[PDB]
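A.B. asks: Provide a 3D model corresponding to the input given below.
(chains A and B)
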Amino acid sequence: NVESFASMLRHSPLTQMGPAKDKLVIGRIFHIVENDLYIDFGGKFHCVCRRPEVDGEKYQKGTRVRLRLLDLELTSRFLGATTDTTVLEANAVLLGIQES
Amino acid sequence: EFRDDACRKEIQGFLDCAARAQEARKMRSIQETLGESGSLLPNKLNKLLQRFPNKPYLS
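C.D. replies: Numbering: from 1, shown residues only, chains lettered A, B, ... in the order given. I have put the structure below:
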């Protein structure tokens, strides 16, 4: 009884989410540069969000925040290009801090 | 009849305008160009563009 990859993919939380547009997820802040917060929400790419002005002091390393995903990966194909231009980051809108 | 005594007020108005125009021109040519007001400068924009170059070929 060995779980196959298709079984792993089907039951994974990312797969059952469906489209990533307008989905509330929880991410973890791992790297902070000035006011730019790098938040990883379990996807392939992290998301960069500006530090909110209302409560910017609480946003630190390891803090868990709430995100509204807009795109797992930002790509777009421009004029004359043979492949999409990838930013190697995700697009999300910062909402607040997750509290239990 | 080109007498400056009777035209003191109007002369000063033109003289003041030249002072403002000269100062604004120097500020616009120096401070505004260096201040990067408005759109991003082409020198800084080209650095961003070359970070993601357009590829019309296959690699």
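
A.B. asks: not counting sequence-adjacent ones, nearest residue to whichever residue of chain B sits closest to chain A?
C.D. replies: Relative to chain A, the nearest point of chain B is residue B:56 (4.8 Å; C-beta to the nearest C-beta). Just so you know, the C-beta spots here come from the backbone N, C-alpha and C atoms, and that holds for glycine as well. Nearest non-adjacent residue to residue B:56, counting by C-beta to C-beta, 6 or more residues apart in numbering or on different chains: residue A:80, 4.8 Å away.

A.B. asks: re the thing from before, these two touch, right, the residue of chain B closest to chain A and residue A:83?
C.D. replies: No - with contacts defined as C-beta atoms under 8 Å, residue B:56 does not count as touching residue A:83, sitting 10.0 Å away.

A.B. asks: shouldn't the residue nearest to residue B:56 be within a helix?
C.D. replies: No - with the criterion set as DSSP: H, G, I helix; E, B strand; the rest coil, the secondary structure at residue A:80 is coil rather than a helix.

A.B. asks: residues near it, how many?
C.D. replies: Residue neighbour count, defined by other C-beta atoms under 10 Å in any protein chain shown, stands at 8 for residue A:80.

A.B. asks: kindly report the same for residue A:47.
C.D. replies: Neighbouring residues of residue A:47 were enumerated by other C-beta under 10 Å; the total is 24.

A.B. asks: distance of it from chain B?
C.D. replies: Computed as C-beta to the nearest C-beta, to the nearest Å, the residue A:47 to chain B distance reads 18 Å.
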